[PDB]
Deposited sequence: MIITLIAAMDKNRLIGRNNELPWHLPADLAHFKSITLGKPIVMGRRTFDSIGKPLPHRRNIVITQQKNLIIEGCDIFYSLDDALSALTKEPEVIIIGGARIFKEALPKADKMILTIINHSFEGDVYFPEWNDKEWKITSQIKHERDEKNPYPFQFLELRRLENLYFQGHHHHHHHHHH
């Protein structure tokens, strides 16, 4: 199973304000949808509440501690680990937020697909700081504003150590 975090953030890693997105960025919404269709998506309960309904054409998984919580059109699990355990056969599970889920998922994540907006918004929740020594950039695409803020799509893949790593060429 590949664990992938997808998130949109500003230059300070801000992702949210009052349980809403701090911006409207159509390019990001198109990107997110095209990436997530036909994959299982995992979100925390507040993010589901923010979205307000299941995202169509995808398996919506919601994490909550509330044992008797019912959400039509979503699968409920009582921990991220329980969800990941149930999805063992999936080639890729996409974690879609929010801040609490991202923080918990990051130590298990293999991949990150990040939209980074070149602007500073006002807000209350952030994407977790990742260790730049642990991850390599596999794709970076910068976009000028039109989408009224400039933005980039940055893809990262988790590494494996210079001391122990294999090498591409040998004499």
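Residues of the deposited sequence lacking C-alpha coordinates fall in the stretches 147-148, 174-178, numbered from 1.
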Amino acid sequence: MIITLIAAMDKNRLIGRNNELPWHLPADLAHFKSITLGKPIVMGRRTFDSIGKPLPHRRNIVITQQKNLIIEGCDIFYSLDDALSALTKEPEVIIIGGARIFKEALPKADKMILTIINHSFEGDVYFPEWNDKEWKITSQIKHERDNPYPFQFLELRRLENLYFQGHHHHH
From here on, numbers count along this sequence of modelled residues.
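Compared with the other entries of this protein, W23 is consistently built, present in every one of those that build its neighbours rather than absent from a third. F153, present in the displayed chain, carries coordinates in each of the other PDB entries compared that cover both sides of it, far from a third leaving it out. Taking only CA atoms, the mean B-factor in the PDB entry is higher for 36-44 than for the other of 107-115 and 36-44. Stretches 50-58 and 124-132 differ in mean C-alpha B factor, with the higher average recorded for 50-58. As recorded in the PDB entry, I70 shows the highest C-alpha B-factor of the residues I63, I70, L29, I137. Within the group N161, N19, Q152, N12, the record's highest C-alpha temperature factor is found at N161. Per-chain ranking of the deposited C-alpha B factor places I3 in the middle third. In the deposited entry, the Cα temperature factor of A99 places it in the lowest third of its chain's modelled residues.
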